[PDB]
Amino acid sequence: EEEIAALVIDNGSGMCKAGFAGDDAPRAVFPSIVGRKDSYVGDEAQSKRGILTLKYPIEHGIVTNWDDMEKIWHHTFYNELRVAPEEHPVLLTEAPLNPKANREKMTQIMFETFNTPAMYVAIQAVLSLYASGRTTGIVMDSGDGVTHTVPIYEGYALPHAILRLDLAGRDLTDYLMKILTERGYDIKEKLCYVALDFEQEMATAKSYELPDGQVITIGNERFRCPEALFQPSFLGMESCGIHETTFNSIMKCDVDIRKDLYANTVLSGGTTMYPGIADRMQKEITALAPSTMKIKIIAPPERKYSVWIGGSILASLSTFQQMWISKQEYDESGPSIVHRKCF
Amino acid sequence: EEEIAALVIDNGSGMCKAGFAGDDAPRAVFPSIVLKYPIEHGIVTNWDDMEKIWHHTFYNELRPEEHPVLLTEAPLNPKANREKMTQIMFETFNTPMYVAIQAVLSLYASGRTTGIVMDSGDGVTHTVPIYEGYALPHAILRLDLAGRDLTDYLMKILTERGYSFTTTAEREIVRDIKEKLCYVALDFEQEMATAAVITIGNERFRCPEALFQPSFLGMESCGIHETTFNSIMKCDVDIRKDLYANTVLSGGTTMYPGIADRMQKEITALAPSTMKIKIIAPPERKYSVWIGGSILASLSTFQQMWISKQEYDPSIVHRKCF
Amino acid sequence: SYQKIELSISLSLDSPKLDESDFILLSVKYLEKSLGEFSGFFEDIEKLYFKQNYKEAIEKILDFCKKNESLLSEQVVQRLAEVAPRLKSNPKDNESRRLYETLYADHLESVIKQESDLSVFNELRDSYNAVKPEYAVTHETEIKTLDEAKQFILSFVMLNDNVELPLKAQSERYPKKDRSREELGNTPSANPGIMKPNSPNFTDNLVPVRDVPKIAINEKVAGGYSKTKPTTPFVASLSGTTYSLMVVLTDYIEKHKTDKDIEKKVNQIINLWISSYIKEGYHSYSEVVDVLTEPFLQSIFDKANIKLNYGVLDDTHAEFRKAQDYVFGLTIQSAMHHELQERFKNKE
Amino acid sequence: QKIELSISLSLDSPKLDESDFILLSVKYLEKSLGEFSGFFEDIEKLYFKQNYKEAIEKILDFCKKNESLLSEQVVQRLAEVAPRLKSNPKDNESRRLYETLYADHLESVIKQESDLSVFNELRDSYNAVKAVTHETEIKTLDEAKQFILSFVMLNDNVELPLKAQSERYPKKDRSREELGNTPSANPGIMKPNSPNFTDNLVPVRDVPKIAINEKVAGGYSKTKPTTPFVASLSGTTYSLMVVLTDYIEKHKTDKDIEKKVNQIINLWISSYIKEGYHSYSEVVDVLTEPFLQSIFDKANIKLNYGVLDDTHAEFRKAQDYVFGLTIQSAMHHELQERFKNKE
């Protein structure tokens with residue numbers, strides 16, 4: 001009994017979401033920071049920023065330094081989840097368009113460094129749809145570093161349509177700085193909302209405080225903040241908005257599949273947690289499209305941790321047993337088994 | 001069945017140390033801030049926030065229902081700040097408890113059950129005399145001066161050597177320096193005359209001299225050297241020989257190099273010209289309280305010194321425990 | 001599990017400072033719990049603890065244990081049987097008795113507090129003022145509370161050795177005190193009857209930091225009291241100033257033998273003296289009791305037909321139990337006192 | 001015991017064609033049994049031939065004879081799914097994988113041979129019908145192929161007599177509908193969606209969508225359904241034969257012609273497959289016609305049709321294909337039911 005329980009770690013650009021399989025919540029979410037004990041990982045470093053040079057291992061969703069990323073794993077398995085991984089099977093999450101190396105870097109790591117009993121890498125945007133319970137659709141993942149619009153059909157993505165934007169949460173916050181300091185006055189992102197028509201809204205152009213400083217009125221900068229996603233012009237990026245990135249994406253597909261896509265548009269990520277992005281992605285996509293098709297925009301509320309939910313719902317599956325990689329396989333086919341088994 | 005483990009928690013003024021019994025290693029040490037600290041100068045002042053440190057302790061850091069729990073307490077704690085420790089664990093946390101004096105725990109770490117122990121933490125520096133492994137009420141002496149304050153001191157002193165460590169992250173820099181570079185000097189005065197993060201300072205021997213003389217700070221209290229003697233002479237002449245020969249430095253702020261040789265000297269001259277003075281400093285003094293408790297929780301006989309859940313069925317904390 | 005409370009006594013009954021007293025206290029708990037109709041036995045043995053007859057009652061206990069060995073165990077009887085022959089007591093290290101007695105006094109006080117008419121003490125004044133007028137008390141017209149009655153009753157120290165000497169001499173017992181004449185000093189402490197300053201008190205039984213005297217026992221006085229009566233907790237002497245209560249009382253007995261309630265009123269006083277003196281640390285139940293229980297001092301009560309209950313309450317249970325608890329812990333934490341004085345010796 | 005059930009979990013596929021049965025069933029046996037080298041090689045030869053109906057017989061009969069060394073779940077479940085297996089030239093995706101892997105394996109065999117001088121001579125046999133605009137002598141294969149891929153210059157107008165010799169070329173299914181362009185991963189496996197190993201993914205290229213007009217009576221996809229796509233009856237192969245016959249006529253009693261011509265034909269066959277233009281079964285089928293055999297009979301030449309002895313490698317990767325293809329379908333099913341068991 002007690003078939004061992006799996007651990008799922010969404011290695012994101014901004015935070016690390018870890019938990020155990022068959023759960024409805026991430027047990028521990030912590031920043032992906034390794035500051036440098038011979039190192040400090042996690043919120044602890046955030047506390048000792050003073051004498052430590054913080055570095056972020058995952059940049060734009062993909063792993064740049066593997067020396068510190070190994071430490072977001074000792075920490076995760078060992079000190080934020082307090083489990084030895086040798087015992088427990090470990091799924092990992094991966095970003096769209098992940099190069100080959102990183103998929104072979106992971107396998108090396110957790111089966112050699114961590115001697116896990118099983119591994120598995122998956123596109124983070126697929127798992128997101130898995131929460132919605134769909135197997136075919138368009139998932140607009142919006143993390144803190146990278147927002148993508150990845151089409152998924154019958155369980156698989158179409159690498160040719162995966163579209164990317166280097167605009168994100170970190171960025172909106174950063175942009176907001178300009179404007180807040182531009183009003184002559186950490187942040188109240190929990191008051192910002194995406195308008196249906198920014199221009200009308202700007203033609204109407206609430207109370208936030210902490211003890212130090214002062215009570216502050218959230219300016220017209222509230223909708224301007226997420227309007228960066230829609231018009232990245234505010235950030236002076238000519239890269240197309242989220243409305244467009246999505247449409248353009250849909251059309252890099254065979255015209256047979258699109259209807260499904262237009263009707264299965266999942267919005268994923270915390271940058272999509274803004275109220276009202278729902279009605280906007282819609283108004284905007286409907287405009288760019290055959291009036292006949294159905295545009296359904298689907299935003300579930302567990303979205304911030306959607307990636308995780310689907311992953312649990314996947315490792316918490318009896319039929320996932322076969323898919324995992326047994327250590328011997330690795331011991332046989334090397335790390336290449338990643339491609340042969342994790343398609 | 002397995003022998004389920006017990007848990008050891010030293011709720012501290014500045015840092016909490018939890019781990020698991022028997023382990024040579026405390027598993028977790030974590031700032032107690034909830035930003036509001038529950039424990040005050042050694043005595044819990046806001047209990048509600050401390051209930052939270054506990055949730056984190058039992059659950060988030062360590063991952064209660066089937067594990068026995070030994071919270072640690074302080075010398076001369078108001079005792080109603082004892083029953084409550086009993087109540088929360090048994091009731092809110094339905095633990096299957098024993099509360100101990102940190103100091104007793106340190107001496108215990110030493111491997112002995114009688115002596116006088118100096119425990120400088122961040123909230124309070126206590127000199128407690130223990131005989132027969134019992135805290136002695138008529139002699140316990142304390143000082144509301146201790147490490148946290150010393151960090152502040154390093155701030156001011158540098159504040160005038162010209163470096164400035166104003167910010168919060170910057171404050172941690174100061175703590176970092178105090179923790180290591182600064183030291184207790186054997187002859188302060190000679191060393192403030194040889195005078196005439198590593199941006200260097202000559203305020204290395206003065207920061208810990210504040211423990212010996214609190215005048216810098218502006219506190220009207222005697223140096224830990226004397227809180228010790230004083231406390232001693234409130235002990236039976238008969239047991240003094242031993243207390244003198246069993247003095248253990250403990251607590252984190254005693255990690256300043258060289259407090260030992262000094263404690264010996266200052267006391268020595270203050271002491272009876274004939275007694276035997278011995279100071280025992282463990283290198284693990286940082287964490288000596290905990291280790292002390294692990295041993296115990298793992299002692300076979302202590303197993304009945306605990307409190308049954310049915311025995312609980314909060315005034316048993318005075319009568320079954322010390 | 002309960003077998004850790006049984007082992008605990010198997011292990012508490014093996015300490016090197018266990019004596020006659022602690023055995024009786026721990027055993028009963030052991031019988032009261034090993035078993036769960038036998039109510040009388042914990043009262044019969046009890047009555048004897050207040051009388052210091054640890055001797056017979058140990059044995060009766062260990063007769064019940066065997067007779068009811070059926071509901072008990074081989075181990076308890078084995079152990080209990082091995083420890084008894086080898087038992088002695090030391091006043092200096094007989095400290096469970098002291099808690100009992102310290103707690104008993106507070107019990108005899110509420111009793112006296114429940115005894116309303118405190119006029120009895122006021123009248124006693126008119127007898128003191130005629131014993132040592134040169135030191136006459138001249139105080140509250142009425143002693144209204146026991147605290148007032150107690151302080152004055154403690155003022156008989158004013159009656160010098162001079163008005164009591166006719167009485168101290170005829171005793172054969174008083175010449176046998178063993179308080180050394182070495183003035184050892186004062187030592188600060190947490191409880192008064194349990195003069196030992198290093199005693200494991202319960203935080204509930206803690207009083208302010210008061211400075212208690214250190215007294216020494218001159219072991220060489222032939223016939224030392226401590227030698228004749230070792231169960232009595234700390235005794236270097238016998239209650240001298242009791243001889244003074246008697247002067248004030250001899251003059252009172254004869255003046256109010258006319259009253260019919262003197263039987264009550266004399267015990268109200270003697271009981272209060274016995275209590276306050278034990279609470280305040282001056283003496284021990286038996287130090288005071290053995291004096292008035294003297295051939296020459298009992299005559300006065302015989303002439304006027306007074307039967308004294310020298311403060312003997314038969315509901316001394318709460319006090320018993322509380323002490324059973326004392327030893328329990330005292331014994332475990334002082335038996336590991338050497339588990340770590342032996343593990344440590346394995347590091348060096 | 002974990003491996004047996006998996007193939008029992010793969011045999012519930014709604015979309016399993018015939019080419020998919022063989023691969024998993026042999027895989028079932030490759031583990032259950034573990035002296036049987038003669039069977040598995042004979043399954044590959046038939047699988048290359050697309051002669052699966054004969055293979056299935058052998059697989060269903062190999063179980064009865066060796067049922068003692070297997071389990072009863074294997075021995076029932078095959079003879080339960082075998083008679084209900086219909087091929088589909090559109091959804092045959094495993095098949096396409098196999099042959100794209102052989103196209104890379106057969107050109108390496110001709111990269112292993114050093115005389116690419118047959119090709120130069122042909123240009124002189126090319127220039128007789130209609131250089132190839134090339135001034136770098138034919139030295140590598142990347143120019144030998146390009147010059148042979150250039151035979152498309154010999155258009156309908158110069159191959160048409162041979163088109164009027166075939167009775168099968170009239171019966172062609174490609175639809176006249178201009179469906180446009182698909183950015184594919186691989187070319188033989190044109191589809192947008194196929195799990196593809198990082199072993200077999202290549203630069204994004206645009207490949208045409210092909211439509212079968214199924215109205216035709218006797219059309220190729222109909223007669224022989226094992227061959228995928230719409231089956232590629234190659235009309236551009238007729239223009240090859242113009243040069244090949246002419247090559248046989250000019251260079252004739254060459255001691256090594258039968259060797260030299262198989263180099264030209266196989267490489268032609270393996271270039272056309274790798275690049276997505278057509279499928280093996282159809283390049284081959286055009287040439288099988290009696291008037292096209294005759295020409296090689298007039299010189300006593302026997303056509304080694306791209307057949308290789310050591311194709312184990314390509315066989316196994318299709319088992320790993322269908323295995324992951326099938327199993328992921330099963331988890332996909334599970335999710336659908338459990339989530340529809342949430343609403």
# chains A, B, ... in the order shown; residues from 1 in each chain; ligands from 1
call {"tool": "residues_around", "arguments": {"residues": "segment 276-278 of chain A", "least_positions_apart": "2", "cutoff": "10 Å", "atoms": "only C-alpha atoms", "output": "ChimeraX atom specification"}}
result
/A:192-196,223,226-227,229-230,267,271-274,280-283,296-299
call {"tool": "select_by_dssp", "arguments": {"residues": "segment 48-105 of chain C", "states": "helix (DSSP H, G or I)", "output": "number ranges by chain"}}
result
C: 48-50, 54-67, 74-83, 91-93, 96-105
call {"tool": "residues_around", "arguments": {"residues": "segment 32-39 of chain C", "least_positions_apart": "6", "cutoff": "9 Å", "atoms": "only C-alpha atoms", "output": "ChimeraX atom specification"}}
result
/C:6,71-73
call {"tool": "residues_around", "arguments": {"residues": "residue 42 of chain A", "least_positions_apart": "6", "cutoff": "6 Å", "atoms": "only C-alpha atoms", "output": "VMD selection string"}}
result
chain A and resid 30 to 31 33
call {"tool": "atom_distance", "arguments": {"atom1": "atom CA of residue 339 of chain D", "atom2": "atom CA of residue 292 of chain A"}}
result
28.6 Å
call {"tool": "atom_distance", "arguments": {"atom1": "atom CA of residue 37 of chain A", "atom2": "atom CA of residue 158 of chain B"}}
result
25.4 Å
call {"tool": "residues_around", "arguments": {"residues": "segment 42-56 of chain B", "least_positions_apart": "5", "cutoff": "7 Å", "atoms": "only C-alpha atoms", "output": "number ranges by chain"}}
result
B: 12-13, 32, 34, 61, 74, 77, 123-124
call {"tool": "write_last_selection", "arguments": {"atoms": "C-alpha atoms", "output": "short mmCIF file (atom, residue, chain, number, x, y, z; two decimals), in the first residue's frame"}}
result
data_model
loop_
_atom_site.label_atom_id
_atom_site.label_comp_id
_atom_site.auth_asym_id
_atom_site.auth_seq_id
_atom_site.Cartn_x
_atom_site.Cartn_y
_atom_site.Cartn_z
CA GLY B 12 12.91 32.64 20.99
CA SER B 13 12.92 36.29 21.13
CA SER B 32 9.50 34.57 14.64
CA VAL B 34 4.37 37.57 12.49
CA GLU B 61 8.42 24.07 8.21
CA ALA B 74 12.10 30.70 30.36
CA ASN B 77 8.19 32.98 33.42
CA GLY B 123 15.71 39.40 24.30
CA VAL B 124 17.35 38.90 27.65
#
call {"tool": "closest_atom_pairs", "arguments": {"of": "chain A", "to": "chain D", "cutoff": "12 Å", "atoms": "only C-alpha atoms", "output": "JSON lines"}}
result
{"residue": "A:97", "atom": "CA", "partner": "D:198", "partner_atom": "CA", "distance": 11.3}
{"residue": "A:98", "atom": "CA", "partner": "D:198", "partner_atom": "CA", "distance": 10.9}
{"residue": "A:99", "atom": "CA", "partner": "D:198", "partner_atom": "CA", "distance": 9.3}
{"residue": "A:100", "atom": "CA", "partner": "D:198", "partner_atom": "CA", "distance": 7.1}
{"residue": "A:101", "atom": "CA", "partner": "D:198", "partner_atom": "CA", "distance": 10.4}
{"residue": "A:103", "atom": "CA", "partner": "D:198", "partner_atom": "CA", "distance": 10.2}
{"residue": "A:104", "atom": "CA", "partner": "D:198", "partner_atom": "CA", "distance": 11.0}
{"residue": "A:126", "atom": "CA", "partner": "D:332", "partner_atom": "CA", "distance": 11.8}
{"residue": "A:127", "atom": "CA", "partner": "D:335", "partner_atom": "CA", "distance": 11.7}
{"residue": "A:129", "atom": "CA", "partner": "D:335", "partner_atom": "CA", "distance": 11.0}
{"residue": "A:130", "atom": "CA", "partner": "D:335", "partner_atom": "CA", "distance": 7.8}
{"residue": "A:131", "atom": "CA", "partner": "D:339", "partner_atom": "CA", "distance": 8.8}
{"residue": "A:132", "atom": "CA", "partner": "D:339", "partner_atom": "CA", "distance": 8.4}
{"residue": "A:133", "atom": "CA", "partner": "D:339", "partner_atom": "CA", "distance": 5.9}
{"residue": "A:134", "atom": "CA", "partner": "D:336", "partner_atom": "CA", "distance": 7.3}
{"residue": "A:135", "atom": "CA", "partner": "D:332", "partner_atom": "CA", "distance": 7.0}
{"residue": "A:136", "atom": "CA", "partner": "D:332", "partner_atom": "CA", "distance": 10.4}
{"residue": "A:151", "atom": "CA", "partner": "D:193", "partner_atom": "CA", "distance": 10.5}
{"residue": "A:152", "atom": "CA", "partner": "D:193", "partner_atom": "CA", "distance": 9.0}
{"residue": "A:153", "atom": "CA", "partner": "D:193", "partner_atom": "CA", "distance": 7.1}
{"residue": "A:154", "atom": "CA", "partner": "D:332", "partner_atom": "CA", "distance": 8.2}
{"residue": "A:155", "atom": "CA", "partner": "D:332", "partner_atom": "CA", "distance": 7.1}
{"residue": "A:156", "atom": "CA", "partner": "D:193", "partner_atom": "CA", "distance": 6.8}
{"residue": "A:157", "atom": "CA", "partner": "D:193", "partner_atom": "CA", "distance": 7.3}
{"residue": "A:158", "atom": "CA", "partner": "D:193", "partner_atom": "CA", "distance": 6.2}
{"residue": "A:159", "atom": "CA", "partner": "D:185", "partner_atom": "CA", "distance": 7.7}
{"residue": "A:160", "atom": "CA", "partner": "D:183", "partner_atom": "CA", "distance": 6.4}
{"residue": "A:161", "atom": "CA", "partner": "D:183", "partner_atom": "CA", "distance": 8.6}
{"residue": "A:162", "atom": "CA", "partner": "D:183", "partner_atom": "CA", "distance": 11.8}
{"residue": "A:251", "atom": "CA", "partner": "D:182", "partner_atom": "CA", "distance": 10.2}
{"residue": "A:252", "atom": "CA", "partner": "D:183", "partner_atom": "CA", "distance": 7.2}
{"residue": "A:253", "atom": "CA", "partner": "D:182", "partner_atom": "CA", "distance": 6.9}
{"residue": "A:254", "atom": "CA", "partner": "D:182", "partner_atom": "CA", "distance": 6.3}
{"residue": "A:255", "atom": "CA", "partner": "D:179", "partner_atom": "CA", "distance": 9.0}
{"residue": "A:256", "atom": "CA", "partner": "D:179", "partner_atom": "CA", "distance": 10.6}
{"residue": "A:257", "atom": "CA", "partner": "D:192", "partner_atom": "CA", "distance": 9.8}
{"residue": "A:310", "atom": "CA", "partner": "D:335", "partner_atom": "CA", "distance": 9.8}
{"residue": "A:311", "atom": "CA", "partner": "D:335", "partner_atom": "CA", "distance": 11.7}
{"residue": "A:312", "atom": "CA", "partner": "D:335", "partner_atom": "CA", "distance": 11.8}
{"residue": "A:313", "atom": "CA", "partner": "D:335", "partner_atom": "CA", "distance": 8.2}
{"residue": "A:314", "atom": "CA", "partner": "D:331", "partner_atom": "CA", "distance": 8.1}
{"residue": "A:315", "atom": "CA", "partner": "D:331", "partner_atom": "CA", "distance": 10.3}
{"residue": "A:316", "atom": "CA", "partner": "D:335", "partner_atom": "CA", "distance": 10.7}
{"residue": "A:317", "atom": "CA", "partner": "D:331", "partner_atom": "CA", "distance": 7.5}
{"residue": "A:318", "atom": "CA", "partner": "D:331", "partner_atom": "CA", "distance": 8.4}
{"residue": "A:319", "atom": "CA", "partner": "D:331", "partner_atom": "CA", "distance": 5.7}
{"residue": "A:320", "atom": "CA", "partner": "D:331", "partner_atom": "CA", "distance": 6.9}
{"residue": "A:321", "atom": "CA", "partner": "D:2", "partner_atom": "CA", "distance": 8.5}
{"residue": "A:322", "atom": "CA", "partner": "D:6", "partner_atom": "CA", "distance": 6.5}
{"residue": "A:323", "atom": "CA", "partner": "D:327", "partner_atom": "CA", "distance": 7.7}
{"residue": "A:324", "atom": "CA", "partner": "D:324", "partner_atom": "CA", "distance": 11.0}
{"residue": "A:326", "atom": "CA", "partner": "D:2", "partner_atom": "CA", "distance": 11.2}
{"residue": "A:336", "atom": "CA", "partner": "D:199", "partner_atom": "CA", "distance": 9.2}
{"residue": "A:337", "atom": "CA", "partner": "D:197", "partner_atom": "CA", "distance": 9.8}
{"residue": "A:338", "atom": "CA", "partner": "D:197", "partner_atom": "CA", "distance": 9.0}
{"residue": "A:339", "atom": "CA", "partner": "D:197", "partner_atom": "CA", "distance": 5.2}
{"residue": "A:340", "atom": "CA", "partner": "D:197", "partner_atom": "CA", "distance": 6.1}
{"residue": "A:341", "atom": "CA", "partner": "D:324", "partner_atom": "CA", "distance": 6.7}
{"residue": "A:342", "atom": "CA", "partner": "D:324", "partner_atom": "CA", "distance": 8.3}
{"residue": "A:343", "atom": "CA", "partner": "D:195", "partner_atom": "CA", "distance": 5.7}
call {"tool": "residues_around", "arguments": {"residues": "residue 241 of chain B", "least_positions_apart": "3", "cutoff": "12 Å", "atoms": "only C-alpha atoms", "output": "NGL selection string"}}
result
:B and (114-116 or 131 or 232-233 or 235-238 or 244-247 or 271-278)
call {"tool": "write_last_selection", "arguments": {"atoms": "C-alpha atoms", "output": "PDB file, in the first residue's frame"}}
result
ATOM      1  CA  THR B 114      24.415  21.542  38.469  1.00  0.00           C
ATOM      2  CA  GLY B 115      26.097  24.849  37.898  1.00  0.00           C
ATOM      3  CA  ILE B 116      25.299  28.377  36.905  1.00  0.00           C
ATOM      4  CA  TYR B 131      21.344  22.714  41.311  1.00  0.00           C
ATOM      5  CA  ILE B 232      26.006  33.476  43.042  1.00  0.00           C
ATOM      6  CA  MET B 233      26.138  35.119  46.426  1.00  0.00           C
ATOM      7  CA  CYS B 235      23.309  30.969  46.696  1.00  0.00           C
ATOM      8  CA  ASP B 236      24.212  28.810  49.675  1.00  0.00           C
ATOM      9  CA  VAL B 237      27.791  29.190  50.535  1.00  0.00           C
ATOM     10  CA  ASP B 238      27.965  25.495  50.354  1.00  0.00           C
ATOM     11  CA  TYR B 244      31.907  28.528  40.311  1.00  0.00           C
ATOM     12  CA  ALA B 245      33.362  25.428  38.820  1.00  0.00           C
ATOM     13  CA  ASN B 246      30.404  24.775  36.644  1.00  0.00           C
ATOM     14  CA  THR B 247      29.737  27.986  34.697  1.00  0.00           C
ATOM     15  CA  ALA B 271      35.526  35.770  43.454  1.00  0.00           C
ATOM     16  CA  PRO B 272      36.674  34.325  46.710  1.00  0.00           C
ATOM     17  CA  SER B 273      40.378  34.317  46.546  1.00  0.00           C
ATOM     18  CA  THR B 274      40.123  30.643  47.280  1.00  0.00           C
ATOM     19  CA  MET B 275      37.186  29.156  45.240  1.00  0.00           C
ATOM     20  CA  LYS B 276      37.523  27.185  41.943  1.00  0.00           C
ATOM     21  CA  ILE B 277      36.443  29.020  38.840  1.00  0.00           C
ATOM     22  CA  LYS B 278      35.714  27.106  35.684  1.00  0.00           C
TER      23      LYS B 278
END
call {"tool": "residues_around", "arguments": {"residues": "residue 342 of chain C", "least_positions_apart": "4", "cutoff": "12 Å", "atoms": "only C-alpha atoms", "output": "list in words"}}
result
residues 108, 110, 111, 112 and 113 of chain B; 335, 336, 337, 338, 346, 347 and 348 of chain C
call {"tool": "interface_residues", "arguments": {"of": "chain C", "to": "chain B", "cutoff": "7 Å", "atoms": "only C-alpha atoms", "output": "PyMOL selection string"}}
result
chain C and resi 4-5+8+187-190+198+200+202-204+209+325+329+334+337+340-341+343-344
call {"tool": "closest_residue", "arguments": {"among": "C:212, C:246, C:58, C:76", "to": "residue 167 of chain C", "atoms": "only C-alpha atoms"}}
result
C:246
call {"tool": "decode", "arguments": {"residues": "segment 130-145 of chain D", "atoms": "N, CA and C atoms", "output": "PDB file, in the first residue's frame"}}
result
ATOM      1  N   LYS D 130      15.172  16.631 -73.026  1.00  0.00           N
ATOM      2  CA  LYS D 130      14.840  18.059 -73.157  1.00  0.00           C
ATOM      3  C   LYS D 130      16.105  18.886 -73.062  1.00  0.00           C
ATOM      4  N   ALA D 131      23.512  21.336 -69.349  1.00  0.00           N
ATOM      5  CA  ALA D 131      23.553  20.501 -68.172  1.00  0.00           C
ATOM      6  C   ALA D 131      22.226  20.619 -67.528  1.00  0.00           C
ATOM      7  N   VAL D 132      22.213  20.545 -66.211  1.00  0.00           N
ATOM      8  CA  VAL D 132      20.974  20.705 -65.481  1.00  0.00           C
ATOM      9  C   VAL D 132      21.179  22.098 -64.922  1.00  0.00           C
ATOM     10  N   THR D 133      21.988  22.911 -65.597  1.00  0.00           N
ATOM     11  CA  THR D 133      22.318  24.274 -65.166  1.00  0.00           C
ATOM     12  C   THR D 133      23.332  24.243 -64.084  1.00  0.00           C
ATOM     13  N   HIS D 134      24.118  23.182 -64.008  1.00  0.00           N
ATOM     14  CA  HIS D 134      25.053  23.080 -62.901  1.00  0.00           C
ATOM     15  C   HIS D 134      26.448  22.927 -63.405  1.00  0.00           C
ATOM     16  N   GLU D 135      27.370  23.610 -62.741  1.00  0.00           N
ATOM     17  CA  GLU D 135      28.748  23.629 -63.195  1.00  0.00           C
ATOM     18  C   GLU D 135      29.676  23.036 -62.172  1.00  0.00           C
ATOM     19  N   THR D 136      29.136  22.605 -61.047  1.00  0.00           N
ATOM     20  CA  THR D 136      29.946  21.926 -60.078  1.00  0.00           C
ATOM     21  C   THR D 136      29.683  20.488 -60.432  1.00  0.00           C
ATOM     22  N   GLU D 137      30.710  19.741 -60.831  1.00  0.00           N
ATOM     23  CA  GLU D 137      30.537  18.332 -61.168  1.00  0.00           C
ATOM     24  C   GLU D 137      29.778  17.643 -60.043  1.00  0.00           C
ATOM     25  N   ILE D 138      29.032  16.596 -60.385  1.00  0.00           N
ATOM     26  CA  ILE D 138      28.261  15.910 -59.357  1.00  0.00           C
ATOM     27  C   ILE D 138      29.244  15.148 -58.478  1.00  0.00           C
ATOM     28  N   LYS D 139      29.401  15.606 -57.235  1.00  0.00           N
ATOM     29  CA  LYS D 139      30.391  15.076 -56.310  1.00  0.00           C
ATOM     30  C   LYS D 139      29.781  14.549 -55.024  1.00  0.00           C
ATOM     31  N   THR D 140      28.793  15.260 -54.475  1.00  0.00           N
ATOM     32  CA  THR D 140      28.125  14.841 -53.251  1.00  0.00           C
ATOM     33  C   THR D 140      26.728  14.444 -53.572  1.00  0.00           C
ATOM     34  N   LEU D 141      25.944  14.095 -52.571  1.00  0.00           N
ATOM     35  CA  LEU D 141      24.616  13.617 -52.840  1.00  0.00           C
ATOM     36  C   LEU D 141      23.694  14.747 -52.824  1.00  0.00           C
ATOM     37  N   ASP D 142      24.123  15.870 -52.319  1.00  0.00           N
ATOM     38  CA  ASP D 142      23.220  16.966 -52.192  1.00  0.00           C
ATOM     39  C   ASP D 142      23.154  17.663 -53.497  1.00  0.00           C
ATOM     40  N   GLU D 143      23.832  17.146 -54.495  1.00  0.00           N
ATOM     41  CA  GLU D 143      23.702  17.690 -55.816  1.00  0.00           C
ATOM     42  C   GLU D 143      23.242  16.627 -56.721  1.00  0.00           C
ATOM     43  N   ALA D 144      23.490  15.391 -56.360  1.00  0.00           N
ATOM     44  CA  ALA D 144      22.958  14.304 -57.131  1.00  0.00           C
ATOM     45  C   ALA D 144      21.495  14.244 -56.954  1.00  0.00           C
ATOM     46  N   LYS D 145      21.027  14.442 -55.739  1.00  0.00           N
ATOM     47  CA  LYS D 145      19.618  14.496 -55.498  1.00  0.00           C
ATOM     48  C   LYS D 145      18.999  15.670 -56.186  1.00  0.00           C
TER      49      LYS D 145
END
